[PDB]
């Protein structure tokens, strides 16, 4: 296993997107994860529809908030997901038009890892790193400091237990800088935000739940490589 790794350099990651005034980080992390898993498995990178999730994932609550795993389940259940092109983003709740979509990227299954207090931080870090090496994963996180972030490695700043789950990001890799380990996370607030739309989240900080609770709930789409 590499000291560092970054999928955003391997051509399996779409450009950073902008969610606008809609609480859809959950959907962008889900589309982001699906885009990667699909490019890794099949070799084609295509942008996918966050709007279809916002409109069709009835378990979530559209622009108010939602879930990554529920997005993945919906995609398995509905034969796949429409592309960004065929089902454009509007940043507002709309009627589900999934039945009107002719083309879709499909996934084989999906995983979820809900950390328990029986696990240690080391083990949470170990398994997460393992999942990321295989493919980018989506994690829930408390984004209370995000409006303030502009660069460098974020250490949790004002986050504190109990961590709120008000946003999702896409972990695409990890690296180091002067002995400080970090995850490379793709955000969805435009390319001008943070480090070209990404935020480096410090890891191994000691808290089992990680920075702002990002170790808590991981979920990712599963796709068997194409022959």
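Positions refer to the first chain, counted from 1.
The mean C-alpha temperature factor is higher for 156-164 when 192-200 and 156-164 are set side by side. Of the two segments, 25-33 and 39-47, the one listed with the higher mean B-factor is 39-47 (C-alpha atoms only). In the deposited entry, the Cα temperature factor of residue 11 sits in the bottom third of values across the chain's modelled residues. Compared with the other modelled residues of the chain, the Cα B-factor recorded for residue 101 ranks in the highest third. In the PDB entry, residue 20 places in the middle third of its chain by CA B-factor. In this PDB entry, the Cα temperature factor of residue 206 sits in the top third of its chain's modelled residues, the highest group. In this PDB entry, residue 150 carries a Cα temperature factor that places it within the highest third of its chain's modelled residues.
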